[PDB]
Structure formats: structure tokens, C-alpha cells
Amino acid sequence: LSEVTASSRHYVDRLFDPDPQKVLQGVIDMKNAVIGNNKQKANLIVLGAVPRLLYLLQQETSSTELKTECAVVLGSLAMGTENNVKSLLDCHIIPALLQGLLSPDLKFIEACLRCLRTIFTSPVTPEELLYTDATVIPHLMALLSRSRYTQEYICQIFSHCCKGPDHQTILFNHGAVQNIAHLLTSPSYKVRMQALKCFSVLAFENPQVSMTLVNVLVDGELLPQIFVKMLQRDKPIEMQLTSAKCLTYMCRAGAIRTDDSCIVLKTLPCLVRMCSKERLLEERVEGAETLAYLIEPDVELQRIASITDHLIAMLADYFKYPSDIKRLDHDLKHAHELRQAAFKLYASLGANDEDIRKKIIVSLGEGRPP
Ligand SMILES: [Cl-]
């Protein structure tokens, strides 16, 4: 490791200072020292700052300011390497943060939830820890709608830690769909985005939840009506793609009909707009694969898609060379993903109609099949 120098030790020592004012300023200086330095994070974790910080956040005498600043620093350490997250987990930070979530003060709750978000988002953290203690999910649900930060953080934690049907149903029984639906009308886009993500992963292959989503009412509008608005071009591209995913999944589960207006006039047209040359490579791959997921079961959708906004022409441009230098290198390295996506959509488009396969064969290269 990098040698530990007197500066780092002085930061950790100032926490043990006898004057409370000096301790508070020491934790503040510690937060300002780990902003960009992952090495400073590692040095302070090895010097034992995390146990002391947790103790200072546990004390009854500690002011709300000191508790908030200590939680902030603990989150800043969790923003570093995976080794740091493992060290913080080994110091039992999640239990302490869960006790901190019992606080009335909102800023302190936000700091603890920010730390929990970074931890649960990190790969080294097992998702089962979220469900190992049954009371944490109800407690998080209760805090879901106190601030935009609680909404965003708890949505991120849930969306990253759902993991499919079993504990997805655990989350559902605690009122996930009803409590998270209201966030889609929030004045904060960051919230509205994250809620969307929660729904997309929550309804991927769970027909039961999809049906529930069809009848959920948020601010006088049925939830699919909110999704359709989030397909509009004025909205950000992410918002659109994710909305389309939700609807396609709801359509695949049976909650929405393949002949429904939201699918043929909004969702599918939106997905072809994701396949344009102007779109990013990742967006083209996801739009194409999601459209293939949508159109695979129904022949009528396949035909409609084949005649929508020169889709088969745009797909041909997946095989053409790109036309910011790091993005260009990234697009030449990941071009295989784009070509593979094009073939997935071709396979779904031409599954039942030979004339569509003839159209694609002609589009992919010069020459007409016999
Ligand atoms: Cl942050």
C-alpha cells in the first residue's frame, strides 16, 4: 500500500481530541480531505477512522451537526474502491446506519441513506443483506417520501437490489408499487427517472405486478398513461427508452394488448426512433433488443414495425462504420454489440413473414436474392 503519513494520522487523531469543537472541525476537514483522494480514504480506514466515526454517530450527546458530518464522511469513504466498501461492511456500518434512520432530523437521514445507496450499489455488497433483516424494508418504505433525496436513494437501493421474483414479491407485499408510483409525478426528474427504473426491473418477467401496474392510479391518471407521456421526444432519451421497456414488458405479460394504441402508436414508434444513426450505440442496442422483445410474439406487430419509419433501412446502418474521440474508439470496439442487436431484431421481424426477410436481405447488401 501507499505509506501512511503524519497528515492522515493527524486527521484521525483530531477525532479523539478532548475539545468537542476541535473534533467537529476535524471530521469536517476529514470530509474535505477524501473528496478526490481514494488513497486518503484507504489510509483513514486503515488508521481506524470508521469505528470512531460510527461511535461519534452513535452517541446521544453528539449534536445533529456532528452526526450528519460523520455520516457524510462515512459515505465519502464508501465512494472509493471495493476494498473500502468491504472494510466499511466489516465494521458493521449498515446496522449503525439503520439505527441512524430512526432519527427525526432529515439531513442526517439523507446522509445515512446516501451512504446506504453507495454501499448497496457497490458490487461487493450482497443484496440479501437488505432482506436478511425483515424490518429494514418497511422502515425504508416509510422514509421513501420525506425528501427528493430519500426518494432517489431508496429507489436506487430497491431497483439495484430487487433481483427478480422472490424478494421482488417481498418488496411488492410491502407496498412497493403503490408507494413508488407516486414518485413518477414528482417535480424532480431525478426521482421520476429512478422510479421508472424501479418499475422496469420490477415488471420484467413478473406478469402479476404488470397487471397491478395497469390499474394503479397516480394523480388521476392510470400508470400506463404516465408511461406514454414519458415516451415523448421532449423527454430525455433515457426516460424514453426505459418507459418503452416498461410498456413492452407489460405488453409481454398480457396486461396490455398488442393491438393497443399505446403499443402501436407510441411504444413501437419510440423504439424505432432509438435505432437512428444519431442515437448512441448503447441506446441503439437497447432500442433494437427491446423492440425485438416486443414484436416477437405477435405477427401484426412485426409487420407494423417493418413498415415504420424506415426501420429496416436504419438497421442496415448498424453495419456501416461510425460517422468525442473516446466515444469513437468506444463505438469501434463495441460495434459487435450493434451488429448482434441488428440480427436479433431481424430474427424477430422475419419470424413469420418471408417477404420481410426478403426486404432485410436486400437491405443488408447490394444484390437481390433469386
Ligand atoms: Cl454525493
# chains A, B, ... in the order shown; residues from 1 in each chain; ligands from 1
>>> residues_near_ligand(ligand="ligand 1", cutoff="8 Å", atoms="only C-alpha atoms and all ligand atoms", output="ChimeraX atom specification")
/A:75-76,114
>>> residues_around(residues="residue 175 (chain A)", least_positions_apart="4", cutoff="12 Å", atoms="only C-alpha atoms", output="list in words")
residues 137, 138, 140, 141, 142, 144, 168, 169, 170, 171, 179, 180, 181, 182, 209, 212 and 216 of chain A
>>> closest_atom_pairs(of="region 101-213 of chain A", to="region 218-227 of chain A", cutoff="12 Å", atoms="only C-alpha atoms", output="JSON lines")
{"residue": "A:177", "atom": "CA", "partner": "A:223", "partner_atom": "CA", "distance": 10.5}
{"residue": "A:178", "atom": "CA", "partner": "A:218", "partner_atom": "CA", "distance": 8.8}
{"residue": "A:179", "atom": "CA", "partner": "A:218", "partner_atom": "CA", "distance": 10.1}
{"residue": "A:180", "atom": "CA", "partner": "A:218", "partner_atom": "CA", "distance": 10.0}
{"residue": "A:181", "atom": "CA", "partner": "A:218", "partner_atom": "CA", "distance": 6.5}
{"residue": "A:182", "atom": "CA", "partner": "A:218", "partner_atom": "CA", "distance": 5.7}
{"residue": "A:183", "atom": "CA", "partner": "A:218", "partner_atom": "CA", "distance": 8.9}
{"residue": "A:184", "atom": "CA", "partner": "A:226", "partner_atom": "CA", "distance": 7.7}
{"residue": "A:185", "atom": "CA", "partner": "A:218", "partner_atom": "CA", "distance": 7.7}
{"residue": "A:186", "atom": "CA", "partner": "A:219", "partner_atom": "CA", "distance": 10.6}
{"residue": "A:192", "atom": "CA", "partner": "A:226", "partner_atom": "CA", "distance": 10.6}
{"residue": "A:193", "atom": "CA", "partner": "A:227", "partner_atom": "CA", "distance": 11.2}
{"residue": "A:195", "atom": "CA", "partner": "A:227", "partner_atom": "CA", "distance": 11.2}
{"residue": "A:196", "atom": "CA", "partner": "A:227", "partner_atom": "CA", "distance": 8.5}
{"residue": "A:197", "atom": "CA", "partner": "A:227", "partner_atom": "CA", "distance": 11.6}
{"residue": "A:199", "atom": "CA", "partner": "A:227", "partner_atom": "CA", "distance": 10.4}
{"residue": "A:200", "atom": "CA", "partner": "A:227", "partner_atom": "CA", "distance": 10.8}
{"residue": "A:210", "atom": "CA", "partner": "A:224", "partner_atom": "CA", "distance": 10.2}
{"residue": "A:211", "atom": "CA", "partner": "A:224", "partner_atom": "CA", "distance": 10.8}
{"residue": "A:212", "atom": "CA", "partner": "A:223", "partner_atom": "CA", "distance": 9.7}
{"residue": "A:213", "atom": "CA", "partner": "A:223", "partner_atom": "CA", "distance": 6.3}
>>> closest_atom_pairs(of="region 287-312 of chain A", to="region 238-257 of chain A", cutoff="9 Å", atoms="only C-alpha atoms", output="tab-separated table")
residue	atom	partner	partner_atom	distance
A:287	CA	A:241	CA	6.7
A:290	CA	A:245	CA	6.4
A:291	CA	A:248	CA	8.0
A:293	CA	A:248	CA	7.5
A:294	CA	A:248	CA	5.4
A:295	CA	A:248	CA	9.0
A:297	CA	A:252	CA	8.1
>>> residues_around(residues="residue 146 (chain A)", least_positions_apart="6", cutoff="10 Å", atoms="only C-alpha atoms", output="number ranges by chain")
A: 106, 109-110
>>> decode(residues="region 212-251 of chain A", atoms="N, CA and C atoms", output="PDB file, in the first residue's frame")
ATOM      1  N   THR A 212     -51.046  -5.378 -11.950  1.00  0.00           N
ATOM      2  CA  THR A 212     -51.254  -4.371 -10.916  1.00  0.00           C
ATOM      3  C   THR A 212     -50.936  -2.982 -11.456  1.00  0.00           C
ATOM      4  N   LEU A 213     -49.845  -2.852 -12.217  1.00  0.00           N
ATOM      5  CA  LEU A 213     -49.468  -1.543 -12.729  1.00  0.00           C
ATOM      6  C   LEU A 213     -50.527  -0.983 -13.673  1.00  0.00           C
ATOM      7  N   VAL A 214     -51.267  -1.846 -14.369  1.00  0.00           N
ATOM      8  CA  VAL A 214     -52.252  -1.348 -15.325  1.00  0.00           C
ATOM      9  C   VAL A 214     -53.312  -0.522 -14.613  1.00  0.00           C
ATOM     10  N   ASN A 215     -53.692  -0.933 -13.404  1.00  0.00           N
ATOM     11  CA  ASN A 215     -54.795  -0.317 -12.683  1.00  0.00           C
ATOM     12  C   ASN A 215     -54.338   0.662 -11.614  1.00  0.00           C
ATOM     13  N   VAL A 216     -53.030   0.858 -11.448  1.00  0.00           N
ATOM     14  CA  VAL A 216     -52.549   1.830 -10.475  1.00  0.00           C
ATOM     15  C   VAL A 216     -52.905   3.231 -10.950  1.00  0.00           C
ATOM     16  N   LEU A 217     -53.388   4.057 -10.027  1.00  0.00           N
ATOM     17  CA  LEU A 217     -53.819   5.412 -10.339  1.00  0.00           C
ATOM     18  C   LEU A 217     -52.945   6.375  -9.555  1.00  0.00           C
ATOM     19  N   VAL A 218     -52.286   7.288 -10.265  1.00  0.00           N
ATOM     20  CA  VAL A 218     -51.411   8.290  -9.660  1.00  0.00           C
ATOM     21  C   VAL A 218     -51.860   9.663 -10.149  1.00  0.00           C
ATOM     22  N   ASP A 219     -52.363  10.488  -9.230  1.00  0.00           N
ATOM     23  CA  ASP A 219     -52.784  11.856  -9.542  1.00  0.00           C
ATOM     24  C   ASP A 219     -53.828  11.893 -10.658  1.00  0.00           C
ATOM     25  N   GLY A 220     -54.794  10.976 -10.591  1.00  0.00           N
ATOM     26  CA  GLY A 220     -55.907  10.941 -11.517  1.00  0.00           C
ATOM     27  C   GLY A 220     -55.632  10.304 -12.860  1.00  0.00           C
ATOM     28  N   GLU A 221     -54.416   9.816 -13.094  1.00  0.00           N
ATOM     29  CA  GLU A 221     -54.037   9.166 -14.340  1.00  0.00           C
ATOM     30  C   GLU A 221     -53.641   7.720 -14.068  1.00  0.00           C
ATOM     31  N   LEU A 222     -54.072   6.819 -14.947  1.00  0.00           N
ATOM     32  CA  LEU A 222     -53.607   5.440 -14.886  1.00  0.00           C
ATOM     33  C   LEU A 222     -52.135   5.378 -15.286  1.00  0.00           C
ATOM     34  N   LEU A 223     -51.415   4.447 -14.667  1.00  0.00           N
ATOM     35  CA  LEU A 223     -49.961   4.436 -14.784  1.00  0.00           C
ATOM     36  C   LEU A 223     -49.495   4.333 -16.229  1.00  0.00           C
ATOM     37  N   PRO A 224     -50.081   3.487 -17.078  1.00  0.00           N
ATOM     38  CA  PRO A 224     -49.643   3.457 -18.484  1.00  0.00           C
ATOM     39  C   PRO A 224     -49.778   4.802 -19.175  1.00  0.00           C
ATOM     40  N   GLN A 225     -50.741   5.633 -18.761  1.00  0.00           N
ATOM     41  CA  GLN A 225     -50.866   6.967 -19.335  1.00  0.00           C
ATOM     42  C   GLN A 225     -49.667   7.825 -18.964  1.00  0.00           C
ATOM     43  N   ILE A 226     -49.151   7.654 -17.744  1.00  0.00           N
ATOM     44  CA  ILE A 226     -47.921   8.336 -17.355  1.00  0.00           C
ATOM     45  C   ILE A 226     -46.746   7.821 -18.174  1.00  0.00           C
ATOM     46  N   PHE A 227     -46.671   6.502 -18.391  1.00  0.00           N
ATOM     47  CA  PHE A 227     -45.569   5.972 -19.191  1.00  0.00           C
ATOM     48  C   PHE A 227     -45.604   6.548 -20.606  1.00  0.00           C
ATOM     49  N   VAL A 228     -46.788   6.577 -21.226  1.00  0.00           N
ATOM     50  CA  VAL A 228     -46.895   7.070 -22.598  1.00  0.00           C
ATOM     51  C   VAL A 228     -46.386   8.502 -22.690  1.00  0.00           C
ATOM     52  N   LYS A 229     -46.679   9.329 -21.682  1.00  0.00           N
ATOM     53  CA  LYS A 229     -46.135  10.682 -21.693  1.00  0.00           C
ATOM     54  C   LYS A 229     -44.613  10.671 -21.603  1.00  0.00           C
ATOM     55  N   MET A 230     -44.039   9.638 -21.001  1.00  0.00           N
ATOM     56  CA  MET A 230     -42.595   9.585 -20.819  1.00  0.00           C
ATOM     57  C   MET A 230     -41.901   8.976 -22.039  1.00  0.00           C
ATOM     58  N   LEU A 231     -42.687   8.657 -23.073  1.00  0.00           N
ATOM     59  CA  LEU A 231     -42.148   8.297 -24.379  1.00  0.00           C
ATOM     60  C   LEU A 231     -41.926   9.507 -25.281  1.00  0.00           C
ATOM     61  N   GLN A 232     -42.430  10.681 -24.897  1.00  0.00           N
ATOM     62  CA  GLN A 232     -42.393  11.848 -25.766  1.00  0.00           C
ATOM     63  C   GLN A 232     -40.961  12.283 -26.053  1.00  0.00           C
ATOM     64  N   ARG A 233     -40.766  12.893 -27.232  1.00  0.00           N
ATOM     65  CA  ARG A 233     -39.429  13.300 -27.660  1.00  0.00           C
ATOM     66  C   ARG A 233     -38.853  14.422 -26.799  1.00  0.00           C
ATOM     67  N   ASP A 234     -39.701  15.268 -26.200  1.00  0.00           N
ATOM     68  CA  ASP A 234     -39.180  16.340 -25.356  1.00  0.00           C
ATOM     69  C   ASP A 234     -38.505  15.788 -24.106  1.00  0.00           C
ATOM     70  N   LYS A 235     -38.857  14.573 -23.693  1.00  0.00           N
ATOM     71  CA  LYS A 235     -38.244  13.975 -22.523  1.00  0.00           C
ATOM     72  C   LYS A 235     -36.841  13.482 -22.866  1.00  0.00           C
ATOM     73  N   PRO A 236     -35.988  13.289 -21.860  1.00  0.00           N
ATOM     74  CA  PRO A 236     -34.644  12.763 -22.129  1.00  0.00           C
ATOM     75  C   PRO A 236     -34.697  11.363 -22.719  1.00  0.00           C
ATOM     76  N   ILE A 237     -33.610  10.992 -23.396  1.00  0.00           N
ATOM     77  CA  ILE A 237     -33.576   9.718 -24.111  1.00  0.00           C
ATOM     78  C   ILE A 237     -33.710   8.548 -23.143  1.00  0.00           C
ATOM     79  N   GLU A 238     -32.992   8.594 -22.022  1.00  0.00           N
ATOM     80  CA  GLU A 238     -33.093   7.522 -21.037  1.00  0.00           C
ATOM     81  C   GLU A 238     -34.548   7.315 -20.630  1.00  0.00           C
ATOM     82  N   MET A 239     -35.181   8.373 -20.124  1.00  0.00           N
ATOM     83  CA  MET A 239     -36.596   8.355 -19.759  1.00  0.00           C
ATOM     84  C   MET A 239     -37.414   7.659 -20.840  1.00  0.00           C
ATOM     85  N   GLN A 240     -37.151   7.956 -22.113  1.00  0.00           N
ATOM     86  CA  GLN A 240     -37.963   7.340 -23.156  1.00  0.00           C
ATOM     87  C   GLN A 240     -37.708   5.842 -23.216  1.00  0.00           C
ATOM     88  N   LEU A 241     -36.442   5.456 -23.388  1.00  0.00           N
ATOM     89  CA  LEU A 241     -36.119   4.044 -23.569  1.00  0.00           C
ATOM     90  C   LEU A 241     -36.687   3.217 -22.422  1.00  0.00           C
ATOM     91  N   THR A 242     -36.450   3.661 -21.182  1.00  0.00           N
ATOM     92  CA  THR A 242     -36.946   2.923 -20.026  1.00  0.00           C
ATOM     93  C   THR A 242     -38.467   2.827 -20.047  1.00  0.00           C
ATOM     94  N   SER A 243     -39.155   3.935 -20.343  1.00  0.00           N
ATOM     95  CA  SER A 243     -40.607   3.858 -20.438  1.00  0.00           C
ATOM     96  C   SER A 243     -41.000   2.773 -21.422  1.00  0.00           C
ATOM     97  N   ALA A 244     -40.368   2.771 -22.599  1.00  0.00           N
ATOM     98  CA  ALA A 244     -40.727   1.772 -23.595  1.00  0.00           C
ATOM     99  C   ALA A 244     -40.532   0.375 -23.031  1.00  0.00           C
ATOM    100  N   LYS A 245     -39.423   0.162 -22.316  1.00  0.00           N
ATOM    101  CA  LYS A 245     -39.193  -1.145 -21.714  1.00  0.00           C
ATOM    102  C   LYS A 245     -40.372  -1.529 -20.835  1.00  0.00           C
ATOM    103  N   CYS A 246     -40.756  -0.640 -19.912  1.00  0.00           N
ATOM    104  CA  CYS A 246     -41.874  -0.954 -19.031  1.00  0.00           C
ATOM    105  C   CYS A 246     -43.069  -1.405 -19.857  1.00  0.00           C
ATOM    106  N   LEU A 247     -43.462  -0.588 -20.838  1.00  0.00           N
ATOM    107  CA  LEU A 247     -44.673  -0.910 -21.578  1.00  0.00           C
ATOM    108  C   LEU A 247     -44.518  -2.234 -22.305  1.00  0.00           C
ATOM    109  N   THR A 248     -43.362  -2.463 -22.930  1.00  0.00           N
ATOM    110  CA  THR A 248     -43.197  -3.719 -23.656  1.00  0.00           C
ATOM    111  C   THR A 248     -43.355  -4.889 -22.701  1.00  0.00           C
ATOM    112  N   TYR A 249     -42.759  -4.784 -21.512  1.00  0.00           N
ATOM    113  CA  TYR A 249     -42.896  -5.860 -20.540  1.00  0.00           C
ATOM    114  C   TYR A 249     -44.358  -6.045 -20.155  1.00  0.00           C
ATOM    115  N   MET A 250     -45.066  -4.947 -19.900  1.00  0.00           N
ATOM    116  CA  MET A 250     -46.480  -5.045 -19.558  1.00  0.00           C
ATOM    117  C   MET A 250     -47.230  -5.647 -20.740  1.00  0.00           C
ATOM    118  N   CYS A 251     -46.797  -5.295 -21.952  1.00  0.00           N
ATOM    119  CA  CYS A 251     -47.418  -5.876 -23.136  1.00  0.00           C
ATOM    120  C   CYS A 251     -47.094  -7.359 -23.241  1.00  0.00           C
TER     121      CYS A 251
END
